[PDB]
């Protein structure tokens, strides 16, 4: 155990999520991501069924880890004197949705539909497992470019799902809902749907709709790209000012714009050139 089990490669990125490196499990040459998180920079702590003091990120990841490939799986984790090291799966080749949109711009609706549908399935899986991500955005979505499969990452701002009000938040502000901005209160599912509305707009317009607090509170959506009326309708519904006016996940997935989704492999062959 320690660092005999893994060969460390290049740094893939760093930020509020820690420092993540490309790695390879020496036992079976499996591709992995090695994420280092400093103890001093961890705000939310939790406890495992076992009964050990670990970052909430570890608790949440264990709760959502299974055969379903829509969420990044935690393979192992280690504790060091001043940090925790998380071993995560790593698709190859891969590119996060932020970099993909930077390079290609606004996505064709068929592509956005496949991606958005897959994000919805991943978020539903998290909720079904009692986990709320709280930071859904393009930077936290990985694209497996050969299989056309999307994967949700970075649960470091997440929490256990509950039906009572949340009065804390440390996700991305520009994806946070008007009720958080004005009252510092939100409920899990409706806040998630709001961030999904921001994400959908982002996919079809190539940029997020709001930058300032005042724009979030006003909730007026202007489309800068040609976007179908059905897509605009869904976006505006997800971005309803009153949380109760937002659609449930079932309503989103039964929306006319969401019908006849491509399968991930069809998506890669047509749009990622597999």
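Numbering follows the first chain given and starts at 1.
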property: Selected stretch [higher average CA B-factor]: 68-76 or 85-93; result: 68-76
property: Between 53-61 and 245-253 (mean CA B-factor, as deposited), the higher; result: 53-61
property: Top Cα B factor in the deposited entry, candidates 48, 32, 240, 227; result: 48
property: Residue 99 by Cα B-factor - lowest, middle or highest third of the modelled chain; result: middle
property: Record-listed C-alpha B factor of residue 231: chain third; result: lowest
property: Residue 170 - Cα temperature factor, lowest/middle/highest third of chain; result: highest
property: Chain-relative CA temperature factor third for residue 36; result: lowest
property: Cα B factor band for residue 191 (lowest, middle or highest third within the chain); result: lowest
